[PDB]
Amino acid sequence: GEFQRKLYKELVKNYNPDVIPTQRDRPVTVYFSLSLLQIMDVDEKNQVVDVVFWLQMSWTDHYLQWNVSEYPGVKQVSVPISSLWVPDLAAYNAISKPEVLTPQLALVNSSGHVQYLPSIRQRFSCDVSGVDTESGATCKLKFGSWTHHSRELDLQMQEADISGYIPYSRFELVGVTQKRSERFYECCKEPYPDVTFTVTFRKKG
């Protein structure tokens, strides 16, 4: 409506989507979780797993807040992600670019909270040779910021989700785990956090 129209004019004014929305040297906290939907394929030769998954990501951008009293009815807006700052999360062991399956929009509410929930297909490097054993194969999907350390971008995970995994796949899901690590590199004194999702699966029968 007219109030959203006006809201967009205001927020866009000096907004720079290339600048991480830190304030007073405090990190932007980014919440992150992966829901595995489908294992599409495994390449036992080239050691690759092909997966479809749902990412849940959220963080606050203080430059995107407003008073609902100034914009009655407007509690949250749908925004193209290209028009706002987004975490530069990399899939560490991807061997293909992500194919984003869903509209590239984020949800923003009046306290500046952003929710971005893409469904994604992507291939990853993985030792899939256990895929026929009862042990099964174990694949790690590792994500983290490519250019921001812990003190700029504080990546945290939220509860994992398996309810969405399709039941009719030829791969059975035996276990999925999530953990947050902080790793140090010779380059820098600050750590870089990453969230790793560990999937254990096997062929049915």
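The first residue of the shown sequence is 1; numbering continues from there.
Just going by the entry, 66 to 74 versus 144 to 152 on mean CA temperature factor gives the higher value to 66 to 74. In this entry, 158 to 166 has the higher mean Cα B-factor, the comparison being between 54 to 62 and 158 to 166. Sorting the modelled residues of the chain by their CA temperature factor places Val131 in the highest third.
When the CA B factors of the chain's modelled residues are split into thirds, the value for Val48 lands in the lowest one.
Sort the modelled residues of the chain by CA B factor and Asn14 lands in the highest third. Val28: CA B factor lies in the middle third for its chain, per the PDB record.
Ranked against the other modelled residues of its chain, the C-alpha B-factor of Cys139 as given in the entry falls in the middle third.
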